[PDB]
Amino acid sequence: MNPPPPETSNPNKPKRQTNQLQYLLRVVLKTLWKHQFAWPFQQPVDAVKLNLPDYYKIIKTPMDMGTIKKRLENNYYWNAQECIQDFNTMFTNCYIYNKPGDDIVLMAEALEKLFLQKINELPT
């Protein structure tokens, strides 16, 4: 069945709020979240509901935008790079599990293109 979702808080990790982290939530995450293709990426993959018996045999580092959103809201990220890495992991997992030309892969591709355009404008 499904694993616990990724951690979204770490009480032993200090917290800080920077312009880059704020931009990642209010601009990058929010724009992708509202995209027409966002829903499959808004929460952890549910292999039980979707009937994907080998998903968590193939994907050992799951990631999703619901987790990313909560991490940003909880100030889980100290470095902007941590958040960028999570988005990258989310897209890469989709490309690993699925096949070229699948609907979900085309959706990931569109979201990744938009992600790159938005992180291009990340403030200094």
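If you superpose the two forms and keep the largest set of C-alpha atoms that fall within 1.5 Å, you have the rigid core. Residue positions are given as counts along the sequence shown, with the first one as 1.
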query: Stretch with greater C-alpha deviation in 6 other deposited structures of this protein, 15-23 versus 96-104 (rigid core superposition); finding: 15-23
query: Greatest C-alpha divergence in 6 other deposited structures of this protein once each structure is fitted on the rigid core, 5-13 or 108-116; finding: 5-13
query: Selected stretch [higher average CA B-factor]: 28-36 or 63-71; finding: 28-36
query: Selected stretch [higher average CA B-factor]: 83-91 or 48-56; finding: 48-56
